[PDB]
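Below: the structure, in structure tokens.
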Amino acid sequence: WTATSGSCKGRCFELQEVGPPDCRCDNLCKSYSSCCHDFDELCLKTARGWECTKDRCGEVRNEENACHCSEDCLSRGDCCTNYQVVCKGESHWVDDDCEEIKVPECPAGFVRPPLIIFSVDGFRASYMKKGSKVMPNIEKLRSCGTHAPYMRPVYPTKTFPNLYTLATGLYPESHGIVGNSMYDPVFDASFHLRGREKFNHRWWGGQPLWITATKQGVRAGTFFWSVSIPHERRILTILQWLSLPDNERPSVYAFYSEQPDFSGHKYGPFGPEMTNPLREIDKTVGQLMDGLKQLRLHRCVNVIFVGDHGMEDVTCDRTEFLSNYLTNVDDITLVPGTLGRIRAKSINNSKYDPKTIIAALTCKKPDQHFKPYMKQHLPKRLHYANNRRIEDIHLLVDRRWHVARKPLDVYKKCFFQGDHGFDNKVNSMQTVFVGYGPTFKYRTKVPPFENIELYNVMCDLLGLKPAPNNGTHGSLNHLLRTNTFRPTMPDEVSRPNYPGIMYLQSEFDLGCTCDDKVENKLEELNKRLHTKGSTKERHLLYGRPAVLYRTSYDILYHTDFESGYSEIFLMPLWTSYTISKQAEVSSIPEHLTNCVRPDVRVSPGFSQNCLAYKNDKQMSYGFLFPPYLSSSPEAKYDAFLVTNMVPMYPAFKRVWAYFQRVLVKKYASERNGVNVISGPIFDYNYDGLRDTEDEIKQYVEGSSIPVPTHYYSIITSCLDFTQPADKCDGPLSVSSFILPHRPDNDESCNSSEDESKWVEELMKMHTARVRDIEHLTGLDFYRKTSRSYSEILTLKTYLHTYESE
Ligand SMILES: *[C@@H]1O[C@H](CO)[C@@H](O[C@@H]2O[C@H](CO)[C@@H](O[C@@H]3O[C@H](CO[C@H]4O[C@H](CO)[C@@H](O)[C@H](O[C@H]5O[C@H](CO)[C@@H](O)[C@H](O)[C@@H]5O[C@H]5O[C@H](CO)[C@@H](O)[C@H](O)[C@@H]5O)[C@@H]4O)[C@@H](O)[C@H](O[C@H]4O[C@H](CO)[C@@H](O)[C@H](O)[C@@H]4O[C@H]4O[C@H](CO)[C@@H](O)[C@H](O)[C@@H]4O)[C@@H]3O)[C@H](O)[C@H]2NC(C)=O)[C@H](O)[C@H]1NC(C)=O
Ligand SMILES: Cc1nnn(Cc2cc(C(F)(F)F)ccc2/C=C/C(=O)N2C[C@@H]3CN(C(=O)c4ccc(S(N)(=O)=O)cc4F)C[C@H]3C2)n1
Ligand SMILES: [Ca+2]
Ligand SMILES: [Ca+2]
Ligand SMILES: [Cl-]
Ligand SMILES: [K+]
Ligand code: NA
Ligand SMILES: [Zn+2]
């Protein structure tokens, strides 16, 4: 109940929200059906429209008008945004040359430049180039300010997850808004776009920017707008708040537009009907900038123009139906559309089996336009599994397609020509970023970055300490003229041991054999120097990784590679090696095929054994440094050390062997040498973080050798590819992957074919940032380079996406 008979007199768009049943006058009252009776009359005035005209100049103030053109309007802060243009011969902001804003030029009483976030729903990245003729105000912000060619949204590329990610710096799995539609089984409650459940505070985790600001003494405008408040009114409201007295005036504001998304759904991303929505958005920006200029705030405010996701072509005919695959289709609940999430219709049905559902959906039609996954098997780059609101079974849908349960769903719900929600690497899902103001750089283009990073920067813009989040703070310092955040590298927690030769061959009873009993003073000092680290500067180019947790490990040096060997996990945490452009691939010689050699630096007690692998009918082994790339027949013996061995399913060995035999050499030839760091990852609880030993769910049968869930590689070279990787004077280039360590290749529908037809495609799917690997291993890479730390942070957040232009 709301006692709707209080009044909004003097209260219009109040910043503090009042408690039921006292009636509300805030920008969300409409959404709750709680506005006072006179809200429309007093707060949503429309009389005479939104622009001054020649005859309205110097009028007698009429309080009924939507905005004002009387002499006193500037001091009242409620002029139409074109007042000075029409009535005082001023130029529109867009018609002024741009001029570097070196320092904030603010009215007296401003403690810090205000931040205005101008957010646009569905604004695809290519609209900046493709709509440029019709968006002069936006183009001026873009060319005069700082801009990225695009900004990567989070998955799923829907509105609710992405706007809340912008607000919090968190992945959807951590903030809890994991789709536009959700069932939380602990609450037994559903979140929907239409309706009231979504207003309950229990859905919304982390700490959004407006709360971070308020907790630290920085006042915030209310971020959310009721759909029926027109855009012109939202802008006028912001401009009115900017005219408040110093003690009342917010420092951070958001505008939100439902366009161009609303139209993109109806007409597709480039429908001819899309020109008008873009024009209209540009006019809104024009009104804000003209309004700021009137208040002498146009060289004081930092403006961020940002989208939540892009828009793809999708029609009703491009729908796959689960009824074409599943006999039991009525025992499931599907969250449908541009992703799928499946659970049991009833938790009382004991005959429901996710294993048989996955199998019935796997590689069943030649051109199948979705791929099923257990959520823990989704590419790690999506960070989309550690939340009870995410269903165990997930369908990754091809761009341009929909999934639905039954045909009746689609025609008893062609309406739409656009949609979004697909994998966040998809080019059509990319969105925009422009920053303009005293704190942003002047006429600067920056590389593409992920929207998880912006919370930190918005905190920096407002002098706030960010709540803990998934950004890497400092990785976007290159956007900023000042207020940069200068982090220190994390402190190493565990130092390595450097073991020498301490064990005799005969102390090892591992059930391993090697054909190697084949016998010089020139070449004996040589192998000794290699074991003491004499080639370490060739294979460990950026320093050894730092171990950021408590553990026992050894550094092992070799001619061709260096490793950090874990005594707890009985394998390397990392293995580092450089392959020059000139390097030769050799084969594993016949006598060495099943060779595993004891490592005399490492106790039998801290070693793997061959017998465990023989006994484990499911599990085989591979090597982290590939024997194929040994520098010499003598150096090849090192690659067969039991300390270079890791557990591998035979199906995974197909993948790994092709990467090591073919792909590494290929990249070295293309990139002018590469440095490779490879290793295992253990993430049995799918939280994106390194497991402790007591989290491991699988061991090689009858041993304490833990089985990795994934294998990573980080492949680094010179950005200037005219310089070899080992003699690089400037910025670096990286690509990485986190491959799932799976006992089958069901993920790859063409896997019966030659590895040259499917392996590289799999690797591309599981592309990763270095930072993803850091979270998953507790390691910190690139500790010793000549480069600035912020530059290295940017490098660690880089994702190689394998999408064309
Ligand atoms: C992305 O960045 C984020 C933010 O930094 C990273 O997320 C953090 O990860 C930490 C490690 O997993 C985690 O720390 C835990 O905090 C627990 C206290 O939690 C509450 O308080 C915080 C602070 O206010 C709050 O943010 C939390 O909010 C979460 O949960 C609510 C539900 O109430 C949601 O509304 C909200 O969306 C958010 O959900 C997410 O996090 C939880 C886990 O916390 C997930 O389950 C959800 O799916 C969702 O993703 C909380 O309200 C604290 O209890 C934990 O301590 C246990 O574990 C340690 C290990 O050190 C152990 O020593 C302790 O004894 C303790 O164990 C005991 O409890 C166990 C569980 O019941 C039990 O098994 C044991 O036997 C013990 O008795 C832990 O310290 C932190 O909360 C989150 N924060 C957020 C916001 O998500 C994230 O890791 C980054 N991602 C990547 C890939 O890097
Ligand atoms: C969600 C959410 N989380 N946090 N916010 C507040 C917010 C943050 C930021 C920013 F960038 F600064 F973080 C900027 C602006 C804001 C403020 C935003 C705001 O007033 N809204 C966003 C809501 C979305 N909405 C819909 O009905 C809707 C649902 C789905 C789709 S779809 N098909 O595209 O998926 C489109 C839609 F329009 C009601 C809008 C009112 N909204
Ligand atoms: Ca949206
Ligand atoms: Ca984990
Ligand atoms: Cl959803
Ligand atoms: K075996
Ligand atoms: Na297959
Ligand atoms: Zn949409």
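For reference, positions follow the sequence shown, starting with 1. Below, all heavy atoms of this structure are taken into account, side chains as well, without hydrogens, waters or symmetry copies. Just so you know, ligand 1 is whichever comes first in the structure, and atom 1 is the first atom listed for that ligand.
- Residue contacts with ligand 2, taken as heavy atom pairs separated by less than 4.0 Å, involve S119 solely via side-chain atoms from C-beta onward.
- No heavy atom of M458 sits closer than 4.0 Å to any atom of ligand 2.
- Under the 4.0 angstrom criterion, atom 14 (C) of ligand 2 counts as having a protein heavy-atom contact.
- Note: angle at the Ca ion (ligand 3), from OD2 of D308 to OG1 of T159, is 110° (rounded to 10 degrees).
- For the pair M151/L454, a side-chain contact is recorded, criterion being any heavy-atom separation below 4.5 Å from C-beta on.
- Under the 4.0 angstrom criterion, atom 11 (F) of ligand 2 counts as having a protein heavy-atom contact.
- The Ca ion (ligand 3) sits nearest to atom OD1 when only the N, O or S atoms of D121 are considered.
- The shortest N/O to N/O separation between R194 and ligand 2 does not fall below 3.5 Å.
- Checked by distance only, ligand 2 and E258 stay at 3.5 Å or farther apart across all their nitrogen or oxygen atoms.
- The minimum heavy-atom distance between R400 and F422, with the atom names listed, is N-CZ, 3.4 Å.
- For the pair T794 and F449, the minimum side-chain heavy-atom distance is 4.5 Å or more.
- Disulfide criterion (SG-SG under 2.5 Å) for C23 and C36: met.
- Side-chain atoms of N451 and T165 form no donor-acceptor pair, as typed in the model, at a separation below 3.5 Å.
- In terms of polar-atom proximity, defined here as any N/O pair under 3.5 Å, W210 makes no such contact with ligand 2.
- For the pair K158 and ligand 2, the shortest N or O to N or O distance does not fall below 3.5 Å.
- At a cut-off of 3.0 Å, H309 is counted among the residues with an N, O or S atom near the Ca ion (ligand 3).
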